[PDB]
$ cat run-v1.cif   # mmCIF, N, CA and C atoms
data_work
#
loop_
_atom_site.group_PDB
_atom_site.id
_atom_site.type_symbol
_atom_site.label_atom_id
_atom_site.label_comp_id
_atom_site.auth_asym_id
_atom_site.auth_seq_id
_atom_site.Cartn_x
_atom_site.Cartn_y
_atom_site.Cartn_z
ATOM 1 N N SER A 151 58.218 -1.283 42.488
ATOM 2 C CA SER A 151 57.323 -2.004 43.383
ATOM 3 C C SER A 151 57.834 -3.393 43.738
ATOM 4 N N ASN A 152 59.120 -3.661 43.532
ATOM 5 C CA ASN A 152 59.716 -4.953 43.829
ATOM 6 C C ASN A 152 60.815 -4.791 44.868
ATOM 7 N N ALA A 153 61.205 -5.911 45.472
ATOM 8 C CA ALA A 153 62.188 -5.875 46.546
ATOM 9 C C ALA A 153 63.570 -5.520 46.012
ATOM 10 N N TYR A 154 64.217 -4.563 46.679
ATOM 11 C CA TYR A 154 65.604 -4.189 46.421
ATOM 12 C C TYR A 154 65.828 -3.663 45.009
ATOM 13 N N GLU A 155 64.754 -3.291 44.316
ATOM 14 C CA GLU A 155 64.895 -2.598 43.043
ATOM 15 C C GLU A 155 65.005 -1.102 43.307
ATOM 16 N N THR A 156 66.231 -0.600 43.427
ATOM 17 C CA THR A 156 66.475 0.774 43.836
ATOM 18 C C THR A 156 67.500 1.421 42.913
ATOM 19 N N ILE A 157 67.742 2.707 43.151
ATOM 20 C CA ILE A 157 68.660 3.513 42.354
ATOM 21 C C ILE A 157 69.744 4.047 43.276
ATOM 22 N N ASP A 158 70.990 3.667 43.007
ATOM 23 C CA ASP A 158 72.107 4.112 43.825
ATOM 24 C C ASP A 158 72.449 5.569 43.535
ATOM 25 N N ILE A 159 72.769 6.303 44.597
ATOM 26 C CA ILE A 159 73.150 7.709 44.509
ATOM 27 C C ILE A 159 74.307 7.954 45.467
ATOM 28 N N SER A 160 75.356 8.603 44.967
ATOM 29 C CA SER A 160 76.641 8.712 45.655
ATOM 30 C C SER A 160 77.126 10.157 45.687
ATOM 31 N N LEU A 161 76.272 11.073 46.150
ATOM 32 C CA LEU A 161 76.643 12.481 46.277
ATOM 33 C C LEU A 161 77.962 12.678 47.016
ATOM 34 N N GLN A 162 78.636 13.792 46.728
ATOM 35 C CA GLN A 162 79.950 14.069 47.294
ATOM 36 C C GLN A 162 79.898 14.068 48.816
ATOM 37 N N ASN A 163 81.027 13.704 49.428
ATOM 38 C CA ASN A 163 81.129 13.727 50.883
ATOM 39 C C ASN A 163 80.907 15.132 51.424
ATOM 40 N N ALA A 164 81.479 16.137 50.759
ATOM 41 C CA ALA A 164 81.266 17.533 51.116
ATOM 42 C C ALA A 164 81.906 18.432 50.070
ATOM 43 N N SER A 165 81.292 19.600 49.872
ATOM 44 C CA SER A 165 81.956 20.720 49.223
ATOM 45 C C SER A 165 82.703 21.573 50.237
ATOM 46 N N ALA A 166 83.100 20.986 51.362
ATOM 47 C CA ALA A 166 83.715 21.650 52.502
ATOM 48 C C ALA A 166 85.222 21.770 52.335
ATOM 49 N N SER A 167 85.914 21.922 53.461
ATOM 50 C CA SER A 167 87.349 22.172 53.493
ATOM 51 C C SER A 167 88.131 20.946 53.039
ATOM 52 N N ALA A 168 89.406 20.905 53.431
ATOM 53 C CA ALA A 168 90.510 20.244 52.741
ATOM 54 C C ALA A 168 90.164 18.997 51.934
ATOM 55 N N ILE A 169 89.225 18.177 52.410
ATOM 56 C CA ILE A 169 88.896 16.904 51.769
ATOM 57 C C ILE A 169 88.689 17.049 50.262
ATOM 58 N N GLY A 170 88.109 18.166 49.819
ATOM 59 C CA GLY A 170 87.941 18.370 48.392
ATOM 60 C C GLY A 170 88.830 19.441 47.791
ATOM 61 N N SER A 171 89.899 19.017 47.112
ATOM 62 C CA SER A 171 90.798 19.911 46.388
ATOM 63 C C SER A 171 91.772 19.108 45.538
ATOM 64 N N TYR A 172 92.805 19.771 45.021
ATOM 65 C CA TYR A 172 93.896 19.099 44.322
ATOM 66 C C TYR A 172 94.676 18.301 45.357
ATOM 67 N N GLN A 173 95.001 17.053 45.026
ATOM 68 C CA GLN A 173 95.758 16.214 45.944
ATOM 69 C C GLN A 173 97.252 16.388 45.699
ATOM 70 N N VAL A 174 97.995 16.716 46.752
ATOM 71 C CA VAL A 174 99.382 17.148 46.625
ATOM 72 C C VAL A 174 100.284 15.921 46.557
ATOM 73 N N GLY A 175 100.791 15.626 45.364
ATOM 74 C CA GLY A 175 101.932 14.743 45.233
ATOM 75 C C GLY A 175 103.170 15.575 44.980
ATOM 76 N N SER A 176 103.984 15.784 46.012
ATOM 77 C CA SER A 176 105.054 16.767 45.963
ATOM 78 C C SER A 176 106.365 16.160 46.437
ATOM 79 N N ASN A 177 107.423 16.971 46.368
ATOM 80 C CA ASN A 177 108.759 16.512 46.727
ATOM 81 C C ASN A 177 108.914 16.335 48.234
ATOM 82 N N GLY A 178 108.791 17.428 48.986
ATOM 83 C CA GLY A 178 108.959 17.345 50.428
ATOM 84 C C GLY A 178 107.702 16.896 51.145
ATOM 85 N N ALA A 179 106.811 16.207 50.432
ATOM 86 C CA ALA A 179 105.522 15.784 50.966
ATOM 87 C C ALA A 179 105.639 15.054 52.298
ATOM 88 N N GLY A 180 106.327 13.914 52.318
ATOM 89 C CA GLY A 180 106.401 13.144 53.545
ATOM 90 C C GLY A 180 107.356 13.691 54.585
ATOM 91 N N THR A 181 108.662 13.568 54.340
ATOM 92 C CA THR A 181 109.657 14.153 55.232
ATOM 93 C C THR A 181 110.579 15.109 54.485
ATOM 94 N N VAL A 182 111.210 14.610 53.424
ATOM 95 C CA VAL A 182 112.212 15.355 52.671
ATOM 96 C C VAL A 182 112.386 14.667 51.322
ATOM 97 N N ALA A 183 112.903 15.392 50.334
ATOM 98 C CA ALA A 183 112.997 14.894 48.970
ATOM 99 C C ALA A 183 114.447 14.609 48.604
ATOM 100 N N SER A 184 114.638 13.607 47.750
ATOM 101 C CA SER A 184 115.937 13.331 47.153
ATOM 102 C C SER A 184 116.181 14.257 45.966
ATOM 103 N N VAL A 185 117.093 13.829 45.090
ATOM 104 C CA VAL A 185 117.699 14.620 44.021
ATOM 105 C C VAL A 185 116.718 15.590 43.374
ATOM 106 N N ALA A 186 115.503 15.125 43.081
ATOM 107 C CA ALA A 186 114.487 16.002 42.509
ATOM 108 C C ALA A 186 114.226 17.197 43.417
ATOM 109 N N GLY A 187 114.549 18.396 42.938
ATOM 110 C CA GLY A 187 114.330 19.610 43.700
ATOM 111 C C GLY A 187 115.405 19.915 44.723
ATOM 112 N N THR A 188 116.644 19.523 44.435
ATOM 113 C CA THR A 188 117.769 19.798 45.319
ATOM 114 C C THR A 188 119.058 19.523 44.561
ATOM 115 N N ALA A 189 120.164 19.993 45.128
ATOM 116 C CA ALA A 189 121.472 19.787 44.524
ATOM 117 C C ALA A 189 122.036 18.422 44.907
ATOM 118 N N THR A 190 122.869 17.873 44.023
ATOM 119 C CA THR A 190 123.462 16.559 44.239
ATOM 120 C C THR A 190 124.614 16.367 43.263
ATOM 121 N N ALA A 191 125.391 15.308 43.487
ATOM 122 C CA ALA A 191 126.545 15.020 42.646
ATOM 123 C C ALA A 191 126.140 14.294 41.368
ATOM 124 N N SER A 192 125.554 13.104 41.512
ATOM 125 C CA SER A 192 125.243 12.273 40.354
ATOM 126 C C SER A 192 124.101 12.848 39.525
ATOM 127 N N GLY A 193 122.990 13.174 40.173
ATOM 128 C CA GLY A 193 121.832 13.683 39.469
ATOM 129 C C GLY A 193 120.704 12.673 39.389
ATOM 130 N N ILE A 194 119.740 12.983 38.523
ATOM 131 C CA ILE A 194 118.590 12.116 38.293
ATOM 132 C C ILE A 194 119.070 10.775 37.759
ATOM 133 N N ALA A 195 118.699 9.694 38.439
ATOM 134 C CA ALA A 195 119.108 8.353 38.064
ATOM 135 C C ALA A 195 117.999 7.663 37.273
ATOM 136 N N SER A 196 118.219 6.388 36.965
ATOM 137 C CA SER A 196 117.251 5.600 36.220
ATOM 138 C C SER A 196 116.068 5.230 37.114
ATOM 139 N N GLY A 197 115.130 4.478 36.555
ATOM 140 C CA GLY A 197 113.962 4.029 37.286
ATOM 141 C C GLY A 197 112.782 3.766 36.370
ATOM 142 N N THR A 198 111.810 3.045 36.930
ATOM 143 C CA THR A 198 110.569 2.690 36.245
ATOM 144 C C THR A 198 109.398 2.974 37.189
ATOM 145 N N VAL B 247 102.259 38.351 79.950
ATOM 146 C CA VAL B 247 103.388 38.146 79.048
ATOM 147 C C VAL B 247 104.548 39.042 79.459
ATOM 148 N N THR B 248 105.660 38.427 79.857
ATOM 149 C CA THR B 248 106.847 39.155 80.277
ATOM 150 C C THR B 248 108.088 38.425 79.787
ATOM 151 N N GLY B 249 108.985 39.178 79.156
ATOM 152 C CA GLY B 249 110.248 38.643 78.685
ATOM 153 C C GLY B 249 110.127 37.478 77.724
ATOM 154 N N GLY B 250 109.604 37.732 76.533
ATOM 155 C CA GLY B 250 109.476 36.718 75.507
ATOM 156 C C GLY B 250 108.052 36.598 74.993
ATOM 157 N N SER B 251 107.894 35.686 74.039
ATOM 158 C CA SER B 251 106.613 35.431 73.401
ATOM 159 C C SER B 251 106.018 34.119 73.898
ATOM 160 N N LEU B 252 104.704 33.978 73.713
ATOM 161 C CA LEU B 252 103.956 32.810 74.165
ATOM 162 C C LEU B 252 103.684 31.814 73.042
ATOM 163 N N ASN B 253 104.646 31.618 72.136
ATOM 164 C CA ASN B 253 104.501 30.722 70.992
ATOM 165 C C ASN B 253 103.961 29.359 71.406
ATOM 166 N N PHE B 254 102.851 28.941 70.800
ATOM 167 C CA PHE B 254 102.178 27.709 71.178
ATOM 168 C C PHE B 254 101.548 27.067 69.950
ATOM 169 N N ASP B 255 101.179 25.798 70.102
ATOM 170 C CA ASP B 255 100.585 25.033 69.016
ATOM 171 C C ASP B 255 99.063 25.100 69.076
ATOM 172 N N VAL B 256 98.443 25.162 67.900
ATOM 173 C CA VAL B 256 96.991 25.219 67.766
ATOM 174 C C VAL B 256 96.543 23.939 67.073
ATOM 175 N N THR B 257 95.900 23.052 67.825
ATOM 176 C CA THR B 257 95.432 21.771 67.314
ATOM 177 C C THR B 257 93.911 21.761 67.276
ATOM 178 N N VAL B 258 93.351 21.596 66.080
ATOM 179 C CA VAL B 258 91.903 21.523 65.897
ATOM 180 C C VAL B 258 91.597 20.370 64.954
ATOM 181 N N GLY B 259 91.074 19.277 65.505
ATOM 182 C CA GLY B 259 90.699 18.130 64.700
ATOM 183 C C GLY B 259 91.858 17.487 63.968
ATOM 184 N N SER B 260 91.885 17.632 62.643
ATOM 185 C CA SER B 260 92.913 17.023 61.808
ATOM 186 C C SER B 260 94.051 17.988 61.503
ATOM 187 N N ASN B 261 93.752 19.142 60.909
ATOM 188 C CA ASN B 261 94.776 20.142 60.637
ATOM 189 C C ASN B 261 95.278 20.763 61.933
ATOM 190 N N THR B 262 96.566 21.102 61.957
ATOM 191 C CA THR B 262 97.203 21.599 63.172
ATOM 192 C C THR B 262 98.315 22.562 62.791
ATOM 193 N N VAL B 263 98.276 23.768 63.357
ATOM 194 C CA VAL B 263 99.299 24.777 63.108
ATOM 195 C C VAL B 263 99.886 25.238 64.435
ATOM 196 N N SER B 264 100.941 26.051 64.371
ATOM 197 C CA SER B 264 101.571 26.592 65.575
ATOM 198 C C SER B 264 101.884 28.061 65.307
ATOM 199 N N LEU B 265 101.125 28.953 65.938
ATOM 200 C CA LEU B 265 101.336 30.379 65.751
ATOM 201 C C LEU B 265 102.562 30.845 66.533
ATOM 202 N N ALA B 266 102.900 32.120 66.360
ATOM 203 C CA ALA B 266 104.052 32.709 67.029
ATOM 204 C C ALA B 266 103.784 34.193 67.242
ATOM 205 N N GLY B 267 104.570 34.799 68.129
ATOM 206 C CA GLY B 267 104.450 36.219 68.400
ATOM 207 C C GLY B 267 103.326 36.565 69.355
ATOM 208 N N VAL B 268 102.870 35.583 70.132
ATOM 209 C CA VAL B 268 101.769 35.791 71.066
ATOM 210 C C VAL B 268 102.231 36.685 72.208
ATOM 211 N N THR B 269 101.753 37.934 72.224
ATOM 212 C CA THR B 269 102.093 38.868 73.289
ATOM 213 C C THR B 269 100.888 39.585 73.881
ATOM 214 N N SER B 270 99.729 39.561 73.226
ATOM 215 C CA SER B 270 98.562 40.270 73.729
ATOM 216 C C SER B 270 97.311 39.685 73.092
ATOM 217 N N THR B 271 96.150 40.093 73.611
ATOM 218 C CA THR B 271 94.873 39.589 73.117
ATOM 219 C C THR B 271 94.672 39.902 71.640
ATOM 220 N N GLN B 272 95.002 41.129 71.233
ATOM 221 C CA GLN B 272 94.731 41.559 69.867
ATOM 222 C C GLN B 272 95.599 40.803 68.866
ATOM 223 N N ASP B 273 96.868 40.583 69.210
ATOM 224 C CA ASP B 273 97.793 39.868 68.337
ATOM 225 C C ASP B 273 97.284 38.465 68.041
ATOM 226 N N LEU B 274 96.885 37.748 69.095
ATOM 227 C CA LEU B 274 96.310 36.420 68.944
ATOM 228 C C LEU B 274 95.119 36.500 68.003
ATOM 229 N N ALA B 275 94.075 37.224 68.413
ATOM 230 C CA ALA B 275 92.871 37.426 67.612
ATOM 231 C C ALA B 275 93.193 37.631 66.136
ATOM 232 N N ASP B 276 94.140 38.521 65.840
ATOM 233 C CA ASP B 276 94.534 38.794 64.463
ATOM 234 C C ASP B 276 95.102 37.562 63.769
ATOM 235 N N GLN B 277 96.111 36.923 64.370
ATOM 236 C CA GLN B 277 96.766 35.816 63.674
ATOM 237 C C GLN B 277 95.830 34.620 63.526
ATOM 238 N N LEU B 278 94.965 34.390 64.516
ATOM 239 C CA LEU B 278 93.958 33.339 64.397
ATOM 240 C C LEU B 278 92.952 33.662 63.298
ATOM 241 N N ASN B 279 92.482 34.913 63.244
ATOM 242 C CA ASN B 279 91.558 35.313 62.188
ATOM 243 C C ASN B 279 92.181 35.107 60.815
ATOM 244 N N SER B 280 93.477 35.399 60.692
ATOM 245 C CA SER B 280 94.189 35.118 59.452
ATOM 246 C C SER B 280 94.300 33.616 59.213
ATOM 247 N N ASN B 281 94.359 32.837 60.292
ATOM 248 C CA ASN B 281 94.579 31.400 60.194
ATOM 249 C C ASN B 281 93.314 30.581 60.422
ATOM 250 N N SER B 282 92.184 31.228 60.722
ATOM 251 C CA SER B 282 90.948 30.504 61.008
ATOM 252 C C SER B 282 90.473 29.677 59.819
ATOM 253 N N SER B 283 90.625 30.215 58.608
ATOM 254 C CA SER B 283 90.205 29.522 57.395
ATOM 255 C C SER B 283 90.885 28.165 57.280
ATOM 256 N N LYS B 284 92.169 28.108 57.637
ATOM 257 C CA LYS B 284 92.887 26.839 57.627
ATOM 258 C C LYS B 284 92.321 25.884 58.673
ATOM 259 N N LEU B 285 92.148 26.367 59.902
ATOM 260 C CA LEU B 285 91.699 25.522 61.003
ATOM 261 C C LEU B 285 90.199 25.268 60.934
ATOM 262 N N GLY B 286 89.493 26.040 60.116
ATOM 263 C CA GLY B 286 88.044 25.892 60.045
ATOM 264 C C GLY B 286 87.332 26.376 61.287
ATOM 265 N N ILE B 287 87.822 27.461 61.883
ATOM 266 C CA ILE B 287 87.220 28.031 63.083
ATOM 267 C C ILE B 287 86.810 29.467 62.795
ATOM 268 N N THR B 288 86.256 30.149 63.800
ATOM 269 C CA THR B 288 85.808 31.533 63.664
ATOM 270 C C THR B 288 86.411 32.354 64.808
ATOM 271 N N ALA B 289 87.536 33.009 64.522
ATOM 272 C CA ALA B 289 88.161 33.911 65.480
ATOM 273 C C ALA B 289 87.554 35.303 65.361
ATOM 274 N N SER B 290 86.775 35.709 66.359
ATOM 275 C CA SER B 290 86.067 36.986 66.343
ATOM 276 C C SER B 290 86.430 37.765 67.599
ATOM 277 N N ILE B 291 86.890 38.998 67.418
ATOM 278 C CA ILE B 291 87.168 39.897 68.532
ATOM 279 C C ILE B 291 86.002 40.870 68.666
ATOM 280 N N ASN B 292 85.524 41.056 69.892
ATOM 281 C CA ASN B 292 84.406 41.950 70.140
ATOM 282 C C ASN B 292 84.915 43.333 70.542
ATOM 283 N N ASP B 293 83.980 44.220 70.886
ATOM 284 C CA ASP B 293 84.339 45.576 71.283
ATOM 285 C C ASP B 293 85.093 45.581 72.610
ATOM 286 N N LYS B 294 84.849 44.573 73.448
ATOM 287 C CA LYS B 294 85.469 44.520 74.766
ATOM 288 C C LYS B 294 86.818 43.813 74.721
ATOM 289 N N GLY B 295 87.290 43.478 73.523
ATOM 290 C CA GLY B 295 88.606 42.886 73.376
ATOM 291 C C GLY B 295 88.662 41.387 73.592
#

$ encode --input "run-v1.cif" --output "structure tokens"
Amino acid sequence: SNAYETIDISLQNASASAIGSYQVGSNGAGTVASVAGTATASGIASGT
Amino acid sequence: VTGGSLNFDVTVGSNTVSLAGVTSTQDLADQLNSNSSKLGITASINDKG
């Protein structure tokens, strides 16, 4: 019975198509993939 | 359709595919029905084709 004393509710955007699924972080995702998932001379290099 | 296929792109909203082998009404209907789930559409062929 007071001003702006409410309960927030954040139901899903949809149980519909693509928006809800596993999100693809993959090799050829953007354009093409480097050493990971292909042949090369040096191989997997360092990194953080 | 004469001498070749009518390969074309299918753009619906966000997702977009490009079918191939378009030579007749039934072929289209079939490949779209197979691909409707992706595009989120309803490809339905009636008795009159």

$ resolve_selection --input "run-v1.cif" --expression "the PyMOL selection byres ((chain A and name CA) within 12 of (chain B and name CA))" --output "PyMOL selection string"
chain A and resi 166-169

$ write_last_selection --input "run-v1.cif" --atoms "N, CA and C atoms" --output "mmCIF file, in the coordinates of the input"
data_model
loop_
_atom_site.group_PDB
_atom_site.id
_atom_site.type_symbol
_atom_site.label_atom_id
_atom_site.label_comp_id
_atom_site.auth_asym_id
_atom_site.auth_seq_id
_atom_site.Cartn_x
_atom_site.Cartn_y
_atom_site.Cartn_z
ATOM 1 N N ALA A 166 83.100 20.986 51.362
ATOM 2 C CA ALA A 166 83.715 21.650 52.502
ATOM 3 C C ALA A 166 85.222 21.770 52.335
ATOM 4 N N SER A 167 85.914 21.922 53.461
ATOM 5 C CA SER A 167 87.349 22.172 53.493
ATOM 6 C C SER A 167 88.131 20.946 53.039
ATOM 7 N N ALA A 168 89.406 20.905 53.431
ATOM 8 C CA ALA A 168 90.510 20.244 52.741
ATOM 9 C C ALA A 168 90.164 18.997 51.934
ATOM 10 N N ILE A 169 89.225 18.177 52.410
ATOM 11 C CA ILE A 169 88.896 16.904 51.769
ATOM 12 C C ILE A 169 88.689 17.049 50.262
#

$ residues_around --input "run-v1.cif" --residues "segment 247-250 of chain B" --least-positions-apart "3" --cutoff "12 Å" --atoms "only C-alpha atoms" --output "list in words"
residues 253, 266, 267, 268, 269, 270 and 271 of chain B

$ atom_distance --input "run-v1.cif" --atom1 "atom CA of residue 263 of chain B" --atom2 "atom CA of residue 281 of chain B"
8.6 Å

$ atom_distance --input "run-v1.cif" --atom1 "atom CA of residue 289 of chain B" --atom2 "atom N of residue 272 of chain B"
11.5 Å

$ atom_distance --input "run-v1.cif" --atom1 "atom CA of residue 291 of chain B" --atom2 "atom C of residue 278 of chain B"
10.0 Å

$ select_by_dssp --input "run-v1.cif" --residues "chain B" --states "strand (DSSP E)" --output "list in words"
residues 255, 256, 257, 262, 263 and 264 of chain B

$ residues_around --input "run-v1.cif" --residues "residue 187 of chain A" --least-positions-apart "6" --cutoff "12 Å" --atoms "only C-alpha atoms" --output "MDAnalysis selection string"
chainID A and resid 176:178 193:194

$ decode --input "run-v1.cif" --residues "segment 178-194 of chain A" --atoms "N, CA, C and O atoms" --output "PDB file, in the first residue's frame"
ATOM      1  N   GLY A 178      34.941 -22.160 -36.688  1.00  0.00           N
ATOM      2  CA  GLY A 178      34.619 -21.384 -37.875  1.00  0.00           C
ATOM      3  C   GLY A 178      33.461 -20.430 -37.662  1.00  0.00           C
ATOM      4  O   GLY A 178      32.785 -20.038 -38.617  1.00  0.00           O
ATOM      5  N   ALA A 179      33.202 -20.062 -36.407  1.00  0.00           N
ATOM      6  CA  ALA A 179      32.070 -19.217 -36.045  1.00  0.00           C
ATOM      7  C   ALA A 179      31.987 -17.942 -36.874  1.00  0.00           C
ATOM      8  O   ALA A 179      31.005 -17.733 -37.593  1.00  0.00           O
ATOM      9  N   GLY A 180      33.003 -17.085 -36.791  1.00  0.00           N
ATOM     10  CA  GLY A 180      32.934 -15.823 -37.501  1.00  0.00           C
ATOM     11  C   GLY A 180      33.189 -15.915 -38.992  1.00  0.00           C
ATOM     12  O   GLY A 180      32.260 -15.771 -39.792  1.00  0.00           O
ATOM     13  N   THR A 181      34.442 -16.155 -39.383  1.00  0.00           N
ATOM     14  CA  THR A 181      34.768 -16.361 -40.790  1.00  0.00           C
ATOM     15  C   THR A 181      35.457 -17.702 -41.010  1.00  0.00           C
ATOM     16  O   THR A 181      35.002 -18.522 -41.814  1.00  0.00           O
ATOM     17  N   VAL A 182      36.553 -17.927 -40.288  1.00  0.00           N
ATOM     18  CA  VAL A 182      37.392 -19.106 -40.461  1.00  0.00           C
ATOM     19  C   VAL A 182      38.267 -19.240 -39.221  1.00  0.00           C
ATOM     20  O   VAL A 182      38.475 -18.265 -38.490  1.00  0.00           O
ATOM     21  N   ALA A 183      38.777 -20.442 -38.967  1.00  0.00           N
ATOM     22  CA  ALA A 183      39.518 -20.731 -37.748  1.00  0.00           C
ATOM     23  C   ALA A 183      40.997 -20.920 -38.053  1.00  0.00           C
ATOM     24  O   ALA A 183      41.363 -21.396 -39.131  1.00  0.00           O
ATOM     25  N   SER A 184      41.835 -20.540 -37.091  1.00  0.00           N
ATOM     26  CA  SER A 184      43.261 -20.828 -37.144  1.00  0.00           C
ATOM     27  C   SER A 184      43.529 -22.255 -36.677  1.00  0.00           C
ATOM     28  O   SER A 184      42.644 -23.113 -36.694  1.00  0.00           O
ATOM     29  N   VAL A 185      44.778 -22.491 -36.265  1.00  0.00           N
ATOM     30  CA  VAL A 185      45.368 -23.805 -36.015  1.00  0.00           C
ATOM     31  C   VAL A 185      44.382 -24.790 -35.398  1.00  0.00           C
ATOM     32  O   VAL A 185      44.309 -25.950 -35.820  1.00  0.00           O
ATOM     33  N   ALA A 186      43.614 -24.342 -34.403  1.00  0.00           N
ATOM     34  CA  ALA A 186      42.608 -25.204 -33.793  1.00  0.00           C
ATOM     35  C   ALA A 186      41.618 -25.708 -34.837  1.00  0.00           C
ATOM     36  O   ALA A 186      40.873 -24.921 -35.428  1.00  0.00           O
ATOM     37  N   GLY A 187      41.609 -27.018 -35.070  1.00  0.00           N
ATOM     38  CA  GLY A 187      40.698 -27.619 -36.027  1.00  0.00           C
ATOM     39  C   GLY A 187      41.153 -27.536 -37.469  1.00  0.00           C
ATOM     40  O   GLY A 187      40.323 -27.464 -38.380  1.00  0.00           O
ATOM     41  N   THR A 188      42.465 -27.558 -37.692  1.00  0.00           N
ATOM     42  CA  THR A 188      43.023 -27.528 -39.038  1.00  0.00           C
ATOM     43  C   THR A 188      44.497 -27.897 -38.959  1.00  0.00           C
ATOM     44  O   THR A 188      45.091 -27.919 -37.877  1.00  0.00           O
ATOM     45  N   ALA A 189      45.073 -28.191 -40.120  1.00  0.00           N
ATOM     46  CA  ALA A 189      46.483 -28.542 -40.198  1.00  0.00           C
ATOM     47  C   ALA A 189      47.351 -27.289 -40.255  1.00  0.00           C
ATOM     48  O   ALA A 189      46.933 -26.237 -40.746  1.00  0.00           O
ATOM     49  N   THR A 190      48.579 -27.415 -39.752  1.00  0.00           N
ATOM     50  CA  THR A 190      49.512 -26.295 -39.710  1.00  0.00           C
ATOM     51  C   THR A 190      50.910 -26.822 -39.425  1.00  0.00           C
ATOM     52  O   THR A 190      51.088 -27.994 -39.086  1.00  0.00           O
ATOM     53  N   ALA A 191      51.901 -25.943 -39.576  1.00  0.00           N
ATOM     54  CA  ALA A 191      53.291 -26.321 -39.361  1.00  0.00           C
ATOM     55  C   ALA A 191      53.659 -26.291 -37.882  1.00  0.00           C
ATOM     56  O   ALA A 191      54.028 -27.319 -37.307  1.00  0.00           O
ATOM     57  N   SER A 192      53.556 -25.114 -37.260  1.00  0.00           N
ATOM     58  CA  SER A 192      54.002 -24.951 -35.880  1.00  0.00           C
ATOM     59  C   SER A 192      53.089 -25.667 -34.893  1.00  0.00           C
ATOM     60  O   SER A 192      53.552 -26.435 -34.043  1.00  0.00           O
ATOM     61  N   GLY A 193      51.788 -25.426 -34.991  1.00  0.00           N
ATOM     62  CA  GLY A 193      50.843 -26.021 -34.068  1.00  0.00           C
ATOM     63  C   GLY A 193      50.284 -25.020 -33.077  1.00  0.00           C
ATOM     64  O   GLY A 193      50.410 -23.801 -33.224  1.00  0.00           O
ATOM     65  N   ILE A 194      49.637 -25.562 -32.045  1.00  0.00           N
ATOM     66  CA  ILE A 194      49.056 -24.755 -30.978  1.00  0.00           C
ATOM     67  C   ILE A 194      50.160 -23.974 -30.280  1.00  0.00           C
ATOM     68  O   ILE A 194      51.138 -24.556 -29.799  1.00  0.00           O
TER      69      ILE A 194
END
